[PDB]
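Novice: Model the structure of this input:
(chains A and B, ligands or ions: 4)
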Number of protein chains: 2
Amino acid sequence: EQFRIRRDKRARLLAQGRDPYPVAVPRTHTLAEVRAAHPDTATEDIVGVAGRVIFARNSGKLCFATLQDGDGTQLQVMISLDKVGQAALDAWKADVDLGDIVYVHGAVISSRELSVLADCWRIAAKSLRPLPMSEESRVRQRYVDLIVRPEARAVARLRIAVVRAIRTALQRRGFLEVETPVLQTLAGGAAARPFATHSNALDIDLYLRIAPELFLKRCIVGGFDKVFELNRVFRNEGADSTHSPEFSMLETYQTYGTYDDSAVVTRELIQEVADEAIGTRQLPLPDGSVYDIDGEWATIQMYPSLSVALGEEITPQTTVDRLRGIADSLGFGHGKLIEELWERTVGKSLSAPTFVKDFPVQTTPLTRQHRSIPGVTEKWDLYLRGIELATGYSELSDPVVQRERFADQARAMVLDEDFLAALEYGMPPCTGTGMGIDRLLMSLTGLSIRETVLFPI
Amino acid sequence: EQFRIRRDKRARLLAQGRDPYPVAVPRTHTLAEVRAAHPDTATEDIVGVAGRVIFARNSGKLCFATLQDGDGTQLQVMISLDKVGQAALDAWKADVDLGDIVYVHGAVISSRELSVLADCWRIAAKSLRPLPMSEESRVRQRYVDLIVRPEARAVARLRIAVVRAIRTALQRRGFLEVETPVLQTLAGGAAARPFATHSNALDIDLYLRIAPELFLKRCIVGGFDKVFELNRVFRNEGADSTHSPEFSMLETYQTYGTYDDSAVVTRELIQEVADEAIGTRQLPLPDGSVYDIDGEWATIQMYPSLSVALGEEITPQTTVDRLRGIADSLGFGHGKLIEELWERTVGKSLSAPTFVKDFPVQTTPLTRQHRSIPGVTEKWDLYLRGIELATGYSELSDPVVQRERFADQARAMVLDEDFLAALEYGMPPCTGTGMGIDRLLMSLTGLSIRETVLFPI
Ligand SMILES: COc1nc(N)nc2c1C(=O)N([C@H]1CC[C@@H](O)CC1)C2
Ligand SMILES: COc1nc(N)nc2c1C(=O)N([C@H]1CC[C@@H](O)CC1)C2
Ligand SMILES: N[C@@H](CCCC[NH3+])C(=O)O
Ligand SMILES: N[C@@H](CCCC[NH3+])C(=O)O
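Specialist: Residues are numbered from 1 along each chain as shown, chains lettered A, B, ... in the order given. Ligands and ions are numbered 1, 2, ... in the order given. The protein structure is shown below:
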């Protein structure tokens, strides 16, 4: 209803020569800065402050109101009669609503609560909607969420702190951030249905990237020692609590190191992120518990660990007829089956931060064959607080193998021949990694994927 | 031809038990690091180095070869007979081609040129393609370009240095980088044909963002004091030397400042970028000239400056029948005409860094009406070295005006009602800006748009 009462006070401010949306009011300080510089008498420090009025208490010849700056800091104001204007007091009473941004120049004082008492005051913006929420309305209107709910404020700022931490971490180690195409003639470097968009300029279809690996790899051919890219990827698939079709994603590549190297870094990275952004490696969680991610983290092998949990020897050689069987007696091909069985037994048991290494050849086209063990590739996954957080490879640089690997993939015939060309100019040995920002945050906080981004749907 | 000779030496290395693409060779130092620590005698510093062999000179019982690290630094190697192996020398002669990555452990020495003389040596990767180029092949194969052409190396690293400079600059001033949706239900915050992609998850079409403004604005409602976002946008339109359909783009928003504020920053920003990434504000250019971007930069008004150059008074009031006329006598509506005429007269004259401010209402739906002058909006553009580099607004926060502005835009009817909702919760006065990374680099270097990105097409 009050929609209309608000719109009325707007135009009755316009016509009256009052500006309800001024170009520029002279704020001298953020409320934070007033607080930070003032730990029942009066002081002669004068400031201009601005602030949302998120609490009124109009009372005759004095109105007391609370101002909340964007970040949520608060300073009370006391709009008075004798300090300037009787039209002042009336206009204040008349024209101020709740969720109204308000500039207030004057002196800052101790009260019976730190307030500021006005010489000047002026409306900086007029709300045409009061402040009130289901969680699928918080996401629809993050801009109100951010006003009403502190935790929204804190989470948004966390994601940001975390992303900066990552950049600090990588940069300190000599990593260089790069930009690779989002629109590509064919999308690759991962396994998912791409998004297709039609180009006017070319009259061909183009695909949004599912991942930067293939282009990041061209860079390593190029002479990049150490590279990464933090940026959205697009997977044209369903959404669940760990999956969304557009999400932010880290990738990383270092020359002259293997998956054993890239797992040391990933741990240090993650822990360094905890330190900067959170201040503890003893992570408090919604239920009140604490997940420790400090010290050293356990590595297991996929086949061995799967073997122990099944009570029988599973290997690269174990046939699919055998695996299908074991699979049934709990409830396509080999690689899928190994990972499936592993995840469904060992995977779901895990608590503490855990790496799992030495993976089925079938389901790892891009990662080098293992240096000693036949049948497996030098890939790891990291399961942190029971979430598939991150992946690392010793990267396959043999073009003929890589060609072979791809052709078989297609057989259930257009291959990325430029990718393959690049490799046959010579890619030095490198370990890549991959990590998801939403899950990084989930794994650290227990927040849902839908709370870790500013604007989902 | 040598394609096949190469592929042969690969499999004849495999079968022979030699690994042509090893998982991990123990590099102890980058060539840079060897150089940096060694300004015709011998020294007992031992290292393992890796490097592309970009020059052979095989000669009996000594081969001299040059190794080029990814960044382009060079150390010569001297594969010998007596220092280890006679099969060594032969295998070296036999199996080494050009564009081959090669690990060489041994002692570092002064020669008659700083080389390294080997105990061990081993092929790190085998090329199946020699090193050779038109400019529309350099772009098709940036990974070779980066190997062969220094300037490619330098440019790639420049773009990177520049992007870091921006982040430093903004962060120092207290800006917070944010991530807003690339996929949106309707795309806005600029004027261009969007890219449409179909979603499986929802069975609706979605549009890649043409710009982040509208979502960045929701953030300011949200309580963000100071925000920005450096990231690709997508405009489904033609390519020219200043326009590409996917490009990287900065946007910026500060509360409690106007377009006069955001132009001070933009200048300081740009100049600070020059200092960090280039080391001079006296910019050397291809023709050998120098563009000075130091000191203070000139502001002009659009109508006034257009008036002087036409020799007659043009204003908001000047009719379209008049403008069409002037337009003819050189060779839709008012706003378009003003900007058109301005660009075609004053625009093309400009040399020195120049701001142009106070713009036609029609062609600036999102920027506030000017605080005193009727008919114009408080928007500026920055023309640097004759290129439309950047834009700044005092941002329109009046929702009813903003609603009005939009409806008229549609009339040549679906409006972004959530955008409009956000504004009617109250957006404090803020100045936004917008800047293009490719043009930033063009404007600084004289490089084409197609050289400023890693991977175009
Ligand atoms: C929301 O996160 C994701 N959404 C989709 N739709 N797909 C993936 C993620 C995610 O975090 N992924 C990573 C998992 C660890 C590594 O394999 C890197 C990718 C895949
Ligand atoms: C390659 O750069 C661009 N490509 C397209 N297709 N459109 C634009 C640019 C660019 O740099 N733009 C900016 C110009 C200054 C400001 O108005 C911000 C946008 C628009
Ligand atoms: N492309 C991988 C991430 C990088 C892995 C290392 N090569 C993925 O989408 O999971
Ligand atoms: N959306 C603008 C850039 C930001 C201008 C300030 N609001 C553009 O695409 O040019």
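Novice: for chain A, longest strand please?
Specialist: Scanning chain A for the longest strand, with DSSP state E as the assignment, gives strand A:42-59.
Novice: Pull up the pairing partners for that one, direction included.
Specialist: Applying DSSP bridges to the sheet, strand A:42-59 is found paired with strand A:62-68 (antiparallel), strand A:100-109 (antiparallel).
Novice: okay, the ones you listed, which one's buried deepest?
Specialist: Highest mean neighbour count of these: strand A:100-109, a mean of 22 (counted as mean count of other CB atoms under 10 Å in any protein chain shown). All C-beta atoms are positioned from the backbone trio N, CA, C, and that covers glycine.
Novice: one step back: rebuild the strands paired with strand A:42-59 as TSV, extending it with distance to residue B:424.
Specialist: Formatted as TSV, the strands paired with strand A:42-59 follow (distance: least, CB to CB, whole Å):
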stretch	distance to residue B:424
strand A:62-68	18
strand A:100-109	12
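Novice: out of those, which comes closest to ligand 4?
Specialist: Shortest distance between ligand 4 and the strands paired with strand A:42-59, using CB to the nearest ligand atom, is found for strand A:100-109: 18.8 Å.
Novice: Excluding chain neighbours, what is closest to whichever residue of chain A sits closest to ligand 4?
Specialist: Using CB to the nearest ligand atom, the closest approach of chain A to ligand 4 is made by residue A:23 at 14.3 Å. Spatial nearest neighbour of residue A:23, excluding adjacent residues (CB to CB, 6 or more residues apart in numbering or on different chains): residue B:371 at 4.4 Å.
Novice: ok, now residue A:306?
Specialist: residue A:342 (4.6 Å).
Novice: Hmm, the one you found is touching residue A:308, no?
Specialist: No - under the criterion of CB atoms under 8 Å, residue A:342 makes no contact with residue A:308, lying 11.0 Å away.
Novice: Between these two, which is the more surrounded one?
Specialist: Neighbours per residue, other CB atoms under 10 Å in any protein chain shown: of residue A:342 and residue A:308, the larger number sits with residue A:342, 24 against 15.
Novice: Could you tell me how many residues sit around the residue nearest to residue A:386 when sequence neighbours are not counted?
Specialist: Excluding the flanking residues, the one nearest residue A:386 by CB to CB, 6+ apart is residue A:350, at 6.2 Å. Using other CB under 10 Å, residue A:350 has 17 neighbouring residues.
Novice: can you check residue A:456 too?
Specialist: Per other CB under 10 Å, the neighbour tally for residue A:456 reads 18.
Novice: again with residue A:52
Specialist: If you count neighbours by other CB under 10 Å, residue A:52 ends up with 26.
Novice: Equivalent analysis for residue A:51, please.
Specialist: Neighbourhood size, residue A:51 [other CB under 10 Å]: 27.
Novice: Pick out the residue in chain A sitting closest to ligand 1.
Specialist: residue A:436 (2.3 Å).
Novice: For that residue, grab phi and psi.
Specialist: Phi and psi for residue A:436, reported as degrees, to the nearest 10, are phi -110, psi 130.
Novice: beta partners for it?
Specialist: Residues in beta-bridge contact with residue A:436 (DSSP bridges): residue A:249.
Novice: quick one, helices of the stretch 1-150 of chain A?
Specialist: A:2-14, A:31-36, A:87-95, A:135-138, A:142-148, A:150-172 (DSSP state H, counting those that start in this stretch).
Novice: Surely residue A:393 is in a strand?
Specialist: Yes - when DSSP: H, G, I helix; E, B strand; the rest coil is applied, residue A:393 is found to be in a strand.
Novice: In contact with the nearest residue to it once chain neighbours are set aside: list those residues for me.
Specialist: Among residues not flanking residue A:393 along the chain, residue A:367 sits closest, at 3.8 Å (CB to CB, 6+ apart). By CB atoms under 8 Å, 6 or more residues apart in numbering or on different chains, the contact set of residue A:367 is A:259, A:359, A:377, A:378, A:379, A:393, A:394, A:395, A:396.
Novice: can you pull up the bridge partners for residue A:367?
Specialist: residue A:395.
Novice: and the gap between it and ligand 2?
Specialist: Note on residue A:367: its distance to ligand 2, by CB to the nearest ligand atom, to the nearest Å, is 36 Å.
Novice: Could you check which residue of the stretch 151-300 of chain A lies nearest ligand 2?
Specialist: Nearest to ligand 2, among the residues of the stretch 151-300 of chain A, is residue A:201, at 10.2 Å (CB to the nearest ligand atom).
Novice: Can you tell me the SS state at that residue?
Specialist: Per three-state DSSP, residue A:201 ends up coil.
Novice: Near ligand 3, which residues of chain A are found?
Specialist: Residues of chain A lying near ligand 3 by CB under 6 Å from any ligand atom: A:189, A:190, A:211, A:213, A:251, A:366, A:391, A:393, A:395, A:432, A:433, A:434.
Novice: Make a PyMOL selection of the buried ones in these.
Specialist: Applying 16 or more other CB atoms under 10 Å in any protein chain shown to the residues of chain A next to ligand 3 leaves a buried subset, and the PyMOL line that selects it is:
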select buried, chain A and resi 189+190+211+213+251+366+391+393+395+432+433+434
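Novice: Reformat the residues of chain A next to ligand 3 as JSON lines; add distance to residue B:267.
Specialist: Converted to JSON lines, the residues of chain A next to ligand 3 look like this (distance: CB to CB, whole Å):
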{"residue": "A:189", "distance to residue B:267": "40"}
{"residue": "A:190", "distance to residue B:267": "42"}
{"residue": "A:211", "distance to residue B:267": "38"}
{"residue": "A:213", "distance to residue B:267": "39"}
{"residue": "A:251", "distance to residue B:267": "35"}
{"residue": "A:366", "distance to residue B:267": "46"}
{"residue": "A:391", "distance to residue B:267": "44"}
{"residue": "A:393", "distance to residue B:267": "45"}
{"residue": "A:395", "distance to residue B:267": "44"}
{"residue": "A:432", "distance to residue B:267": "40"}
{"residue": "A:433", "distance to residue B:267": "40"}
{"residue": "A:434", "distance to residue B:267": "40"}
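Novice: sorry, back to before: quick one, what contacts the residue nearest to residue A:23?
Specialist: Neighbours of residue B:371 in contact, by CB under 8 Å, 6+ apart: A:23, A:24, B:378, B:394.
Novice: rewinding a little: the residue nearest to residue A:306: helix or strand, and which one exactly?
Specialist: Element membership for residue A:342, per DSSP states H and E: helix A:334-345.
Novice: Using PDB, write out the CA atom coordinates for that helix.
Specialist: Extracted in PDB, the C-alpha atoms of helix A:334-345 (Å, rounded to 0.1, in the frame of the first residue of the first chain):
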ATOM      1  CA  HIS A 334      35.600 -49.700 -16.400                       C
ATOM      2  CA  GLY A 335      36.800 -46.200 -15.400                       C
ATOM      3  CA  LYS A 336      33.200 -45.100 -14.700                       C
ATOM      4  CA  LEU A 337      32.600 -48.200 -12.600                       C
ATOM      5  CA  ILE A 338      35.800 -47.800 -10.500                       C
ATOM      6  CA  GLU A 339      35.100 -44.100  -9.700                       C
ATOM      7  CA  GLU A 340      31.400 -44.900  -9.100                       C
ATOM      8  CA  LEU A 341      32.200 -47.800  -6.700                       C
ATOM      9  CA  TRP A 342      35.000 -45.800  -5.000                       C
ATOM     10  CA  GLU A 343      32.800 -42.700  -4.500                       C
ATOM     11  CA  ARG A 344      29.900 -44.900  -3.300                       C
ATOM     12  CA  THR A 345      32.000 -46.700  -0.700                       C
END
